[PDB]
Amino acid sequence: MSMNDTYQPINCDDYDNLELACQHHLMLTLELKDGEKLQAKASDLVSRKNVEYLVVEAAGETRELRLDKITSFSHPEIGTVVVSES
């Protein structure tokens, strides 16, 4: 029935490049339904053959955030994004 979709876990193809650079500028603040909130220095994204997840470098340890469709991620003077814009 349907072959084309547009359901992204968090970050999209292009929207991920502009959001992470302009909206996150390396340092992003991740938040969860449990009112979680944490900023992370440096970050890039990786797209799986099936979907797409973000991968941020935590000082000296690689971390993967947004791969679980995190409720929302906010950035000072930018905004809050929940499991992909929708």
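Residues numbered from 1 in each chain as written, not as in the entry; some residues may be left out. Heavy atoms only, no water.

By the method listed in its record, solution NMR, this PDB entry was determined.

Enquirer: Mind laying out the packing of aromatic side chains, listing which residues take part and the relevant values?
Expert: For the structure on display, the rule yields 0 aromatic pairs. Here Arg66 stacks its cationic end above the ring of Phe73, 5.4 Å away from the centre of that ring. (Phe/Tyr/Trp six-rings, centres within 6.5 Å; stacked < 30°, edge-to-face > 60°. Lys NZ or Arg CZ within 6 Å of the ring centre and 35° of its normal.)

Enquirer: Explain the environment of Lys41 to me, and be specific about the residues and the numbers.
Expert: Residue placement: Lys41 occurs in the loop between strand 2 (38-40) and strand 3 (44-46). Counting along the chain gives 44 residues from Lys41 to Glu85, while the straight-line C-alpha distance between them is 23 Å. Discounting chain neighbours no more than four positions away, the residues touching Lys41 are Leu26, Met27 and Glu57. (Helix = DSSP H or I, 4+ residues; strand = E, 2+ residues; numbered from the N terminus. Contact = heavy atoms within 4.5 Å.)

Enquirer: Give me the lowdown on the nonpolar core, citing residues and values where you can.
Expert: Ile10, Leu20, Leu28, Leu30, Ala40, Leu54, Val56, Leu65, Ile70, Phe73 and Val81 form the largest nonpolar core, which has 11 residues in total. At the level of secondary structure, the elements contributing two or more residues to this core comprise strand 1 (28-31) and strand 4 (53-58). In this structure, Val81 is in contact with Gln23, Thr71, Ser72 and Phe73, ignoring residues within four places of it in sequence. (Core = buried A, V, L, I, M, F, W, Y, C linked by side-chain atoms within 4.5 Å. Buried < 20%, exposed > 50% of the residue type's maximum accessible area, 1.4 Å probe, protein only.)

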